[PDB]
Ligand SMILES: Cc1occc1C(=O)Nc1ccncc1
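Here we start with a single chain on its own, the form solved without this ligand, put down as structure tokens.
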């Protein structure tokens, strides 16, 4: 039996290495990673890889790894796939912990935009979780944390993190992580997967996929939202992505909204994340 080496970037930035038989399906590698992480609530998570166009793709657990990575390295990242709308209802603290690590990267990366005060507040809960109670011994008037809190750091942000950290004395790691999540879950881009597209007129838009449904970001003024129950059919053909929008009470016909994606693979990728979100969030 021939085995391929797999490298997985974990959410703390460390690398997990293992071997799987070369015809293994994605579920095999994912089960190895989740066992390493002591993770039981695995349904919210997945592995991504980069394709030959350098696009992030979800590794499909049902399909052979080799038929997905194709010509690329067997290099993966461990990620949140389905962001829980109510992290308080997850059964395990360790689930909440990995969700916090993902969100910290969503924030530092700029995928999850955040006000100054919310960057500082989230930062303060991370520090409380990671270091425990505030200690002035480690932190003088010139303190800069090793923790990344934002896409751009300022001394004012570091100071506000410390001020709010002082307020969390006695807070345990699980408690700080729950506070982090109660705040992060409210952010307008929480758990929103953005795809670049053009509308039927050629105007550049972003399509957001999340728990609540499909979002169309046009220009600051005019954001369309289609709740999953309002979506009967998701389709792709060539470079085009289509959603079937329910008639609404006393209308005779379903209505159709069409988008142009950069290429056929981008349209298929958007279709698959929409179908997976619709299934997941129709059962939640």
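Positions refer to the first chain, counted from 1.
A second form of this protein, the form deposited with this ligand bound, is not displayed here; the remarks below concern that form.
In summary, the binding site of this form is blocked: after superposition of the surrounding C-alphas, this ligand from its pose in the bound PDB entry has 3 or more atoms within 2.4 Å of backbone or C-beta atoms. Out of the listed residues 35, 43, 64, 254, 43 is the one that sits within 4.5 Å of this ligand in the bound PDB entry by at least one heavy atom.
Remark: residue 85 counts among the residues lining this ligand in the bound PDB entry, judged by a heavy atom distance of 4.5 Å or less.
Contact residues in stretch 247-284 (any heavy atom within 4.5 Å of this ligand, taken in the bound PDB entry) are 280, 281, 282, 283, 284.
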